[PDB]
Every structure is written in structure tokens, then in C-alpha cells.
């Protein structure tokens, strides 16, 4: 039987929050079967839980956030969420003593190492996958995202960049998901932003944790970071990282074919909710036989 996974041990790390510019302490904790992914703010007292749920997502100006019944938020969850998906973590409690997850280097890679530190513990309970049964498509102008039936997990992402620093040769990325493929091809791709916009935000007391150490920054013409890009197509790779984090907001790995054009957080979430809302368009599947498990979802 393919089993659910959690952490072996409690681990913690520290890093600046993109919004506040303050030091945030991140604590990752093991959790029992079926409890899922729970984000928790411990700056608030009493602390507040935010179960990762498609319906609870909001696409904020910076990154994304989860909200509770009272519109209290926890922000910047998507990069860590992508790492959870990558390593197949099903149940976990994620605590921060702040309103946001630390931005780290702008990618998911630092969370990969943190999760490795915590170890993977298999629980005696079947891991549930969301298998796509019908083609489901959502749109927003010329933008669209869709899921199609497919025995595995593929992502086909096209971005509609018009910036001098992004060549047409790097407008699209497509991959067969797997823990190894996520870790090596995707996890190190950093988020990015436009310097003038960031300047404005900081002039308004926002995005205070922003720095060259946590993002690719371009002006009108070029990448400003001294060392340049980690990949020639780092921008689109990060947008796929973001797609993986968005889709994992349901707390389950998906068996299907993901394809999107000019998609973002809002549209990715719109697709996720559209699929889950349509009873006929999907079903939970488990694998009592480990052999039946598709290639993409094998352990690292």
C-alpha cells in the first residue's frame, strides 16, 4: 500500500518575511494521518489554524495567502507548499510567529533541505490521490488553464512575457512531475519582480523584506542581480513552481494533465475549485498495489 507521509522530527529555520522585513521563525511539525496540511500563526494569541484548502486561497498583490472565517490571513505559503508537493508530504503542521512564511531565497529549494532535515515518516494509512476523470477548463480573457485525464502528472506552462530580459526561446516549460524532477529542475527557480514596482511598494512601507537575496529583479531592460539567472528560463520555471504550489492547496497530489496559458495564482486556483466542485470530473484513488502507482509519484 502506498502510504501517507509526514515528518519524523520537528525542525525550524529563520528568515525574513517579504512583507514585514522582520525575522520569522518557521517550525515544521509531524502530524497524524488524514489531518492534512495546516498552516498556523503563533504570533496571534491564541494561535490561528489555516487548513490548506482551495476555497481558502486569495491571490494578493504579493504572492498568495490563506484566510480564515474572520479574514485573518497567512501569506506567502505557495513556495513551501510546492516543496510539500514535491516530496509528497501529506500531513504536517507549519507554524510561523508572523503573518507570513519567510521568503528565503525566493525559491522552494531551502524548504527542500529543511524537509529533508525533518525526515519522512510513513503512516499506516492509504495516500489518496485526486484522479482527473473529465476535461475541465477555466478562462480569464486570453488566459486559460485546464486539466485533462492522464495516467501520471504532467505540467505544460506557457507565459506571455514581453520583457527584453526574457527571450521568446524561454516562454514555455513542460515537464513530467516527480520528486527528483521537481528538486533538480524546478525547486531552485526564484520568484521575480519589477524594480520600480518594488521601489514603490517599499516607499509605502511594503515589501520590506525584498532584496537581491530573495528575488530576481529586473528594470525595464535587464536582470539587475549581479550573478544573473540560475536558468536561462528561470522565470517560467518559477511560474511552474507556483503552479505546483497552487494546485497542492487541495492537499492531494493530482493524477492528470495540467496545461495553462498566461495562468497565475488566481486562475490556477479557479481551475482547482472548478474541478473539485464537479463530482463527475474527478475521484479519489489509492494504491494498495505499489506497482500501480504512476511514475510521477514515486518516493525520492
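Here the rigid core means the biggest group of C-alpha atoms that line up within 1.5 Å when the two forms are laid on top of each other. Positions refer to the first chain, counted from 1.
- Comparing 154-162 with 180-188 by root mean square Cα distance to the shown form in 5 other deposited structures of this protein, with the rigid core used for the fit, gives 154-162 as the more displaced stretch.
- Where the structures in 5 other deposited structures of this protein are fitted on the rigid core, 286-294 is the one of 272-280 and 286-294 whose C-alphas sit farther from the shown form on average.
- Higher mean CA temperature factor, per the PDB entry, when comparing 217-225 with 119-127: 119-127.
- Averaged over their C-alpha atoms, the temperature factors of 29-37 and 260-268 are higher for 260-268.
- Of the candidates 137, 196, 73, 188, the deposited coordinates give 137 the top C-alpha B factor.
- By the numbers in the PDB entry, the CA B factor is greatest at 176 among 176, 211, 107, 91.
- Residue 244: CA B factor in the lowest third of modelled residues in this chain (values from the PDB entry).
- In this PDB entry, residue 234 carries a Cα temperature factor that places it within the lowest third of its chain's modelled residues.
- The PDB entry assigns residue 133 a C-alpha temperature factor belonging to the highest third of its chain's modelled residues.
- Per the PDB record, residue ranking by Cα B-factor puts residue 285 in the highest third of the chain.
- The entry lists a Cα temperature factor for residue 143 that places it in the highest third of the chain's modelled residues.
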